[PDB]
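K.L.:
Submitted below is the structure of interest, expressed as structure tokens.
Residue numbers (the deposited numbering): 1 to 162.
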């Protein structure tokens, strides 16, 4: 297991524009296109992202290309963020992937605001951090996925993805 396999499990693979769990136009492996309710706006973002006229459909290789860019972008966001980088640097590789997962889903700014959870993670108070992480809109709206990510923070194992 690794961050790419982890996020493929959590995000799936769809080659046509679909709406994600928040109702937003998405494609590929969790590649958010736009929060606009306009399908034409999402198609325009998609064409720009892929570099050709797609009319809403892409290939598996194209989906994996956006996925690599998006994982890269999550790591880049963590390392440039004054709140996330110390936490990330403090963690083992399995728990680092749990943090990348959260940033992929909610964005750098969203996760950086989890101030109390981030502190419990930095203190390595794993059960307390896990309890705090679940007191969130994130957990209530996507509980099965949040439970997998939280179990990864709590244990430092891949047991929730086996």
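Yeah, the Cβ is synthetic: ideal placement off N, Cα and C, and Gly gets one too.
Measure the alpha-carbon distance for residue 116 versus residue 87 and round it to whole angstroms.
P.N.:
12 Å
K.L.:
Compute the Euclidean distance between the alpha carbons of residue 56 and residue 148, then round it to the nearest angstrom.
P.N.:
31 Å
K.L.:
Assign residue 18 to one of three DSSP states: helix, strand, or coil.
P.N.:
Strand.
K.L.:
CA-CA distance, residue 70 and residue 156?
P.N.:
Approximately 23 Å, taken between the alpha carbons.
K.L.:
Are the beta-carbon atoms of residue 33 and residue 46 separated by less than 8 Å?
P.N.:
yes
K.L.:
How is the alpha helix (DSSP H) around residue 29 delimited, first residue to last?
P.N.:
That residue, residue 29, is in no alpha helix (DSSP H); it is neither H nor E in DSSP.
K.L.:
From which residue to which residue does the alpha helix (DSSP H) around residue 57 run?
P.N.:
That residue, residue 57, is in no alpha helix (DSSP H); it is neither H nor E in DSSP.
K.L.:
Helix, strand or coil for residue 79 per DSSP?
P.N.:
helix
K.L.:
In angstroms, rounded to a whole number, what distance separates the CA positions of residue 85 and residue 43?
P.N.:
34 Å
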